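Step one of this worksheet: look at the structure below.
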Amino acid sequence: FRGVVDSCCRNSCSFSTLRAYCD
Amino acid sequence: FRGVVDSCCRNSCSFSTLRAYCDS
Amino acid sequence: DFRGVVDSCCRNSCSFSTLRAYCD
Amino acid sequence: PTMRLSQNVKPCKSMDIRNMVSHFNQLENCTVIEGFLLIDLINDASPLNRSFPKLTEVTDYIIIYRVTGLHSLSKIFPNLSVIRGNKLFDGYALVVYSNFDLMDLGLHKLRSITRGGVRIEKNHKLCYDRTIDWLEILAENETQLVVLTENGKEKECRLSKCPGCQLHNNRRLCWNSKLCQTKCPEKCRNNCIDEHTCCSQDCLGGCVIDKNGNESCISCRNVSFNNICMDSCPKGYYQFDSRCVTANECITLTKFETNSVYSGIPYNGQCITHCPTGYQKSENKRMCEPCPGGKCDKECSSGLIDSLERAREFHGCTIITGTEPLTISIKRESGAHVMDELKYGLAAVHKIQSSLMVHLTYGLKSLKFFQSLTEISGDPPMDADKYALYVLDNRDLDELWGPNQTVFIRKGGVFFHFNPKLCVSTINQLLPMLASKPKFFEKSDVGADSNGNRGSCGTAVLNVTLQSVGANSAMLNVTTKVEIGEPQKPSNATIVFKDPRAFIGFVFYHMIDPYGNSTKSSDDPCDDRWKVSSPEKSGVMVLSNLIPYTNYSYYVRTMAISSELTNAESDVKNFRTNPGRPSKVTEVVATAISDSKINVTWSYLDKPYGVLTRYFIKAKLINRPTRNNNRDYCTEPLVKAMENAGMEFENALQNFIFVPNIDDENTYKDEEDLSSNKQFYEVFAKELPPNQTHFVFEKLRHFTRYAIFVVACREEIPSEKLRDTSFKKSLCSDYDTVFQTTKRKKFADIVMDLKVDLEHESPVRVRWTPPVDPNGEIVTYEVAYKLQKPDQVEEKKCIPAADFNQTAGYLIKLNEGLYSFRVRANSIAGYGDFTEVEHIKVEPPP
Amino acid sequence: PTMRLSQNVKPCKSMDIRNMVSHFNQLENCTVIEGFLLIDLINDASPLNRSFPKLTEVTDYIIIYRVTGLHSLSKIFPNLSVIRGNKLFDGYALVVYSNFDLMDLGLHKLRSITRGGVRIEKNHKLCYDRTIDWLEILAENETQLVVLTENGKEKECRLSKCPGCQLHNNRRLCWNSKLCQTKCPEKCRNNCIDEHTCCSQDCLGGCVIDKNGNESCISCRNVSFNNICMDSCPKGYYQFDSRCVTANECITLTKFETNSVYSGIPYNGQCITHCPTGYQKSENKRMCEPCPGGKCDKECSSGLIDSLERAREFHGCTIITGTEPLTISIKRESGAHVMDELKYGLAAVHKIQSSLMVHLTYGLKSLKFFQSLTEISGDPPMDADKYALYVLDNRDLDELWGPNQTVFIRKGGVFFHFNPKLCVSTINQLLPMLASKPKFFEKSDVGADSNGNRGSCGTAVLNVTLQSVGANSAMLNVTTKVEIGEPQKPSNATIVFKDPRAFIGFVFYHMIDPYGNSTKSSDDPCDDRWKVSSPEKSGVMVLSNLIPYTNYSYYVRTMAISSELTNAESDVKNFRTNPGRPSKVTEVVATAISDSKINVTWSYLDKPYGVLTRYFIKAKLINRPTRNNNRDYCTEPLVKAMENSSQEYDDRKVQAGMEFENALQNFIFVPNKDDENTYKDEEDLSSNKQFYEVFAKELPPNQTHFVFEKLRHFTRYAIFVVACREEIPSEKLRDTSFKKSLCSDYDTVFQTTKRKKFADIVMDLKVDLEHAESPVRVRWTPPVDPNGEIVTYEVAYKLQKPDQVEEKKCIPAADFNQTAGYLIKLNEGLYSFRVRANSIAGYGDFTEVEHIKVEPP
Amino acid sequence: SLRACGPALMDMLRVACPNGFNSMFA
Amino acid sequence: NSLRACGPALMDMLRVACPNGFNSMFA
Amino acid sequence: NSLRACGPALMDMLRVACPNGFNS
Ligand SMILES: *[C@@H]1O[C@H](CO)[C@@H](O)[C@H](O)[C@H]1NC(C)=O
Ligand SMILES: *[C@@H]1O[C@H](CO)[C@@H](O)[C@H](O)[C@H]1NC(C)=O
Ligand SMILES: *[C@@H]1O[C@H](CO)[C@@H](O)[C@H](O)[C@H]1NC(C)=O
Ligand SMILES: *[C@@H]1O[C@H](CO)[C@@H](O)[C@H](O)[C@H]1NC(C)=O
Ligand SMILES: *[C@@H]1O[C@H](CO)[C@@H](O)[C@H](O)[C@H]1NC(C)=O
Ligand SMILES: *[C@@H]1O[C@H](CO)[C@@H](O)[C@H](O)[C@H]1NC(C)=O
Ligand SMILES: *[C@@H]1O[C@H](CO)[C@@H](O)[C@H](O)[C@H]1NC(C)=O
Ligand SMILES: *[C@@H]1O[C@H](CO)[C@@H](O)[C@H](O)[C@H]1NC(C)=O
Ligand SMILES: *[C@@H]1O[C@H](CO)[C@@H](O)[C@H](O)[C@H]1NC(C)=O
Ligand SMILES: *[C@@H]1O[C@H](CO)[C@@H](O)[C@H](O)[C@H]1NC(C)=O
Ligand SMILES: *[C@@H]1O[C@H](CO)[C@@H](O)[C@H](O)[C@H]1NC(C)=O
Ligand SMILES: *[C@@H]1O[C@H](CO)[C@@H](O)[C@H](O)[C@H]1NC(C)=O
Ligand SMILES: *[C@@H]1O[C@H](CO)[C@@H](O)[C@H](O)[C@H]1NC(C)=O
Ligand SMILES: *[C@@H]1O[C@H](CO)[C@@H](O)[C@H](O)[C@H]1NC(C)=O
């Protein structure tokens, strides 16, 4: 895992932001 | 028009007319 | 007096479309 | 092929038993009733006798109204088998209403009711009303017409055991305790003489069978002639309900209807009361002839239609006239036959000279039954001559005039209000029908949201597909693509919104639904079942914080600015999450059984979040208790020890800052780590099947505390079996340790090998060998002695273990005498046990 | 005399930096701020590579909210000298809130905060927040408003050593590890450079001293003009915070102070933002003037109100103007708070120039929120001057203007349709309202059938009376006789139903209300406060499972089918249940005080029912424990330390049954253990007169603890505690011998007193010998009042010689019935003797020593 | 003068003429 | 669809609501 | 709407959110 751990824990993240991490 | 519930109930009726459905 | 976001989303529930109004 | 019926039929016309018992004689040995049979207003029916088994079926219907003094209906109709319901009373074929003394329906012989249904209402003592499967008796195509209410079933009628036939179909279906319902196999439903003996399809309601093999039908399938059942009447004879008759017989027979008398007329092989469409009765009343001008223009006065029964009167009416508006206020308990009775009644009308009004209707589906209507002259309009079509408070009206039917309205305007299932678009169809041809309704004549707010308005359907599912989250996918403005190729999917501003986005709903049958969210002010989500224009959403291994129901709908009436929704799909992590095992209790056996018990009183294929018990030795240095032994001995708002400033700041724009058992295996000396287990663990709620170890070390696991593990889904290659998994539950201690070994093995001696006034010496494996470390040795003198008391001394063996034994100074000696070791576990006695003598001479 | 300030001034108005660092350009070479300066929501301040030394003073507060990537605050303000704080935020003049990267302030040159407090919190890396005594920064008066919290003060701030630098209160005065903080001597009070180098009082916050020897202020204390300080502005100019300006400048010197900016008005020497109370501002803003009408009212433009967030823009409006009509079209069924927001935006409205329209509203309960409307002038009316009040298609509009509340429509008619909840009689309240004064409304204006279709109209009043009230049940009695059928044919009976079948029955509401002021209904989607009984046609109801001695509220309404308009409901009433039985006393704890006393302590945390008329205490002496015969002693002696959905219901069933009945009747006929009774004062001394066998007392309701006396030594007492309540006048004549229940249940508590101080003691012991060859003998008396049975007697003896240690013998209680004596054989010599008893309470005390001489041949 | 309905109508009619009803078909 | 939140929770909800800049205060 | 998860919950969230692979 990468900074996703903090881009979606320390602050909420939207659907598109999360989807952006897919290959 | 001849029915009881259209002679009495709506339009109201009177005892004189009521004693026609039963007299024998 | 004045009212704003906090009384619009904290003192009572609010729809997500409201928060969208505070974005440039 | 051909089959006689039982007994020659003695038909007799419609019969009514009135005001007292002896009128029952009119019904004596009538085989079949050519019309309706009714019993009413018998102040005291108890004096009845002579039940009438010869009667078998009635063509039209049965109504029993306010007959008092009657216990069970079977005492009048022993062998009533079938009710044909040719003509029907307000959609009902059997009525048993407002009767106090009827506590047993009793119709055991009844098999089939051909049309309509049955109402059994306000019969207080009539227990066992709901203990019959009417739906097998009734016609299968539409069985909705059953009503059982107000039959004193609150507490008094709870003798439901009945002969239990006994418990079939989750009911002891019965006509009271005496008889149970006689079912028929689906191959011959309501056409069986017993549970297995199906009758011939040429019969109806079973047949009589005798040793001679001369089977005979109880009632014919279609018709009868010379007591022979056949599919159709022979040439030269006219069908009259259930039998064929001659011309004169038909001309003399009669049916009583609409409180009026109709004499049958033979026509086209049938005896009919009214000439069919386009025909009229002959002046001599013996035949039907074509109407002059193609059809007869009979006109009928307007009025009110409070029930399907009243609507029957309008049969054959072509023109409705009279200043009174023709009001339809049918109130059915969701019945079905309304569309049939009304179609029979009013369908012939081609124009209403007066105004129409549909008010307070319940169960009326549509006005399509005005099949021939073409104009509403509205000469006198209703409500101050303002309106000619008045539609108010119709709880079930859902569609207006039939497909491309036209009705010209000449005077006045429409008025639609409070029709929960009639969407506005349907109302708009009337625009080209008005004489004024308005492009829009005056805003006082059509409510905008009071119409169609409950019923599903005109809307397309969205294909919604599930992309993936996990432990706590799932992703949806709306397949039906939306488009904005011109599509450039319509009919390749749909849902086209003219303006980009119009479409706000898809909205997803979901909520827990173990049974998978939850209903959609209504417009109720506080229906909070569904967890509505925020709009998403991309058509994809990730439901989150789901409960693992649970069923869910979800559906979609398009949200747009209220000006745009285009709308669509999906069906209520369903799905279930993945297993996830099982919950901790509850109620783990550990009890010591002996010095070397611990006994663990538990129970799974929580959701397993999957299928738990196996438990896992593990016990590992915690290091033995130890003597702390500051222990005050031999001065403070112990016998036993086994008990082991401030934020408001932040709000005021936010209000101003924003401004709107303008132990780590990852993996396990069965293991048994025997001690170094091979006498006890250091750690023990074993996999168990889900059977066990308890397990007992053995060969456990005496007086030692063991920490106990209890872990439940779930089965592995194929995806998790490989997809989660090297991380997490987490397929086994969490746990919390439980501690228990083995008791203090045997009742012996404390000290041994004792002896006493002296130097040669010599002091006394006592020797012993310390225990090899006592209940914890020895804290003290207690030495006791007693003189060989009667009634003596034993003295004793204490040493804190000490270097007792330095001199090969403890030293004692004692006076003259003969003494017995005892010794015991004492450990942290508690008081020990003394050894056997030994003796020594003191004898200093002068 | 007077001196120029530091450098030429170039003010810039109130500013705000947000969403990116590049916005910092707005501060380029600003000398001062004519308003607040707030920086916030910069998600990363690291890329910044400039400072703004020329910024020296800020007229209003600074707030630094949620700026991240900024560690040293000084990076932005190299020389922020004075925080004039002319206007405060929430009473504060400096806020540094939740800066998750801030570590240091570093405002070395800051020297004064002329007003307001300082709040600094949630800066989870901020050290040195506590290392400056703020009260020497704040004004020279009481401004104890500082608040410092959650600034990561736990342990990590090891660099608090600071260069030492001045030290006071056992801590250095330092901004950070290298920026020490310096005070001024009391001779200046914050216009000084160091501990002695202080400048003219005319300067505030500091000064610059040139090599020429001249002195220049970095900020003027009172005012400035043409870069020159002085006490007051020259005439022909107007003061604006720091600098005097010309009127043509004041007219453009706006200040924000709220979501809408206010312009500056040159007024008698001061550039005030808005005129004082009772003064209007000229259309040219060249001056204020007294209100032409005495009162001043804010005009506003008409426009559609599509949602609550759009209504809040109307706050403070008093006159609505413009040809467009005020269209209230809030489709969002926001529920309860809808009234709150609509009232906030419009409560102050007084006059509407162009009529009002309410359309397609969902949750709008009533138009009460026009709390101050008095005139709908309707100069331009709706729809070609036809209408001036346009209420159409509202699902929940129930009331027009509140009580009284005249509105005096001047022009045009009105329009009402499709308002199902609005009873027509309510609309008729407007008949005396219209200026035209019509006697009635035409069907074209108010729908006869489209209004009140579902509203409670023409409600009558029902008399509800409660027959009886119990401990946990009560009965109601709807007194108002209701003629379910038509009288046939007497008069009277105000409330009547034309059809028996149309009246399902009364329905009874009730709920717990400690204040008796609960209302029948409240503005809520579905308030589940009221418990609803099932429809009840009889007219009498019995509530059950009521919590005793609690105040309730209840009211009754009729439940008629949808198509029947006759209905009624009673006013809300109150009643209180009976006192019932009080709850158990709590945490009864009893402790021994001696061999003769016990202290009993308790409280009454659990709620009572009724009033605590009396506490009750009782003590029953439990029979003393005694030896079990199978036990042994002298082999196991005792030390013995002692123990102890809303969804309006469907009437489809009733309607359908009704119509079927009508049709059928039309067709059928044709023409031609301590029961509380013992709870009373009671005392019973034993026959020995030494101790109480049974002891009880009645106590006032405020003695939470009691102490006993004359108790038996070493015995277990069955303590007993109870609460009681007074009896209602009806109770004392309804009960004869069976109800009672005036007192609570009890939790028996056992205590054991203590052993007698001197314990078991033997007395009158003596040695003896036969015929003075026979063994010597000893005789004594058992203790008079031992602590239970003397299970064993113990005698100790020793030779009067050095070598022999003390010897002892033990005998059970037996063998002393013969002469209460014991024997032993001894050799020639003289001995000493001692004796004691041992009982089930423990070892006894030793008696005084005896002596004896022995001399057989 | 009379206005009864449903069971009220039934009972009032029964009381007003308990001497039996004329009935039909005869 | 009811974001009842206060203080830092509300700030986080705003941040997740829109990644752009927040407010045009006289700009 | 909004999302918030951590640890294995976040791992599952990302697993569902990316039916295709996601790099280390
Ligand atoms: C049956 O009742 C009739 C009168 O209704 C009577 O004449 C006859 O005798 C009775 N028969 C029997 C067997 O009770
Ligand atoms: C049938 O009933 C009639 C009365 O209408 C009677 O005269 C006749 O005897 C009866 N016949 C049989 C077989 O019951
Ligand atoms: C009217 O509708 C019927 C369907 O019942 C259809 O067959 C017919 O073609 C339609 N005609 C017109 C003119 O719309
Ligand atoms: C399912 O969603 C994906 C995006 O996650 C999209 O590419 C795909 O088209 C959707 N399904 C279909 C059938 O289009
Ligand atoms: C939905 O999918 C089915 C195939 O599964 C297809 O036949 C149908 O046309 C689709 N409908 C829409 C509205 O996309
Ligand atoms: C729906 O499921 C519930 C249980 O969840 C059950 O009680 C109810 O009878 C079901 N109804 C239908 C129509 O399936
Ligand atoms: C102890 O073991 C026995 C035999 O396996 C079992 O019956 C019992 O339940 C166990 N103890 C407890 C507390 O369950
Ligand atoms: C124990 O579990 C096995 C499955 O492993 C099952 O076949 C068996 O019936 C179970 N026995 C009991 C007594 O639960
Ligand atoms: C850095 O400073 C230069 C001036 O040297 C300026 O032009 C630039 O905008 C600054 N950039 C940032 C990110 O502060
Ligand atoms: C109170 O109820 C009783 C029946 O319990 C009834 O007789 C009485 O009339 C009611 N009260 C009044 C004032 O009628
Ligand atoms: C209610 O009771 C009062 C007296 O308590 C009486 O004056 C009034 O007429 C009653 N009204 C009704 C509607 O019962
Ligand atoms: C009732 O009165 C109490 C104070 O006794 C008060 O707190 C409460 O708000 C009041 N309720 C209403 C509805 O007025
Ligand atoms: C409770 O009701 C009684 C009368 O039943 C009344 O005296 C008392 O004031 C009420 N309590 C309150 C708090 O209103
Ligand atoms: C014992 O009772 C006395 C009252 O005589 C009281 O003053 C004292 O506090 C009590 N002590 C305890 C420990 O309850």
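Chain E residue numbers are taken from Swiss-Prot; in order, the displayed residues are 328-491, 512-991, 1020-1047, 1118-1217, 1221-1305.
Note: Cβ is positioned from N, Cα and C throughout, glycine not excepted.
For reference, Swiss-Prot has these:
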- E:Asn356: N-linked glycosylation site (CARBOHYD)
- E:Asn376: N-linked glycosylation site (CARBOHYD)
- E:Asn406: N-linked glycosylation site (CARBOHYD)
- E:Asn468: N-linked glycosylation site (CARBOHYD)
- E:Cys531-E:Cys539: disulfide bond (DISULFID)
- E:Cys535-E:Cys545: disulfide bond (DISULFID)
- E:542-586: repeat 'FU' (REPEAT)
- E:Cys546-E:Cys554: disulfide bond (DISULFID)
- E:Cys550-E:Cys564: disulfide bond (DISULFID)
- E:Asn561: N-linked glycosylation site (CARBOHYD)
- E:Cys567-E:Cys576: disulfide bond (DISULFID)
- E:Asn569: N-linked glycosylation site (CARBOHYD)
- E:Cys580-E:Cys591: disulfide bond (DISULFID)
- E:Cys597-E:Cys618: disulfide bond (DISULFID)
- E:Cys635-E:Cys638: disulfide bond (DISULFID)
- E:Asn751: N-linked glycosylation site (CARBOHYD)
- E:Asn824: N-linked glycosylation site (CARBOHYD)
- E:825-927: domain 'Fibronectin type-III 1' (DOMAIN)
- E:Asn839: N-linked glycosylation site (CARBOHYD)
- E:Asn946: N-linked glycosylation site (CARBOHYD)
- E:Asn1147: N-linked glycosylation site (CARBOHYD)
- E:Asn1265: N-linked glycosylation site (CARBOHYD)
Cα-Cα distance in Å between E:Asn991 and E:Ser1020, where 28 residues go unmodelled: 57
Spatial neighbours of E:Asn561 (N-linked glycosylation site) that are distant in sequence (at least 6 apart) but have CB under 8 A: E:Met330
Fewest Cβ neighbours within 10 Å, where candidates are the disulfide-bonded residues E:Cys539, E:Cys545, E:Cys546, E:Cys638: E:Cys638
Under 8 Å by Cβ from E:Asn356 (N-linked glycosylation site), counting only residues of that chain that are 6 or more apart: E:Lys337, E:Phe379, E:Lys381
Count of other CB atoms lying within 10 Å of the CB belonging to E:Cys580 (disulfide bond): 20
Cα-to-Cα gap, E:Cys567 (disulfide bond) vs E:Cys550 (disulfide bond), nearest whole Å: 5
Cβ-Cβ neighbours of E:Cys554 (disulfide bond) (radius 10 Å): 23
Cβ atoms near E:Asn1265 (N-linked glycosylation site) (within 10 Å, other residues, all chains): 7
Distance in angstrom, CA of E:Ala1217 to CA of E:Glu1221, with 3 unmodelled residues intervening: 8
Cα separation, E:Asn839 (N-linked glycosylation site) to E:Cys550 (disulfide bond) (Å, whole number): 92
Cβ atoms near E:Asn824 (N-linked glycosylation site) (within 10 Å, other residues, all chains): 13
End-to-end CA distance across 70 missing residues (from E:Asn1047 to E:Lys1118, Å): 81
Candidates E:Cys539, E:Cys546, E:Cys554, E:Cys618 (disulfide-bonded residues) - the one closest to E:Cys638 (disulfide bond) by CA: E:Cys618
Those disulfide-bonded residues in E:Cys535, E:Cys546, E:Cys567, E:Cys618 whose CB falls under 6 A of ligand 9, listed in sequence order: none
Counts of helix, strand and coil residues, the domain 'Fibronectin type-III 1' (E:825-927), according to DSSP: 3 helix, 36 strand, 64 coil
Recorded positions near ligand 14 among E:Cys567, E:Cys635, E:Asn946 (Cβ under 6 Å): E:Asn946
Gap-flanking C-alpha distance, E:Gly491-E:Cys512 [20 residues absent from model], angstrom: 5
Site with most surrounding Cβ atoms, counting all protein chains shown within 10 Å, from the glycosylation sites E:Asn376, E:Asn569: E:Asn569
Other CB atoms, at most 10 A from the CB of E:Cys591 (disulfide bond): 23
Between E:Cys546 (disulfide bond) and E:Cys618 (disulfide bond): CA-CA distance (Å): 30
Spatial separation of E:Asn1147 (N-linked glycosylation site) from E:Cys531 (disulfide bond) - C-alpha basis, Å: 62
E:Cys535 (disulfide bond): nearby recorded positions from E:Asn376, E:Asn406, E:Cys546, E:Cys564, E:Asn569, E:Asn751, Cα cut-off 10 Å: E:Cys546
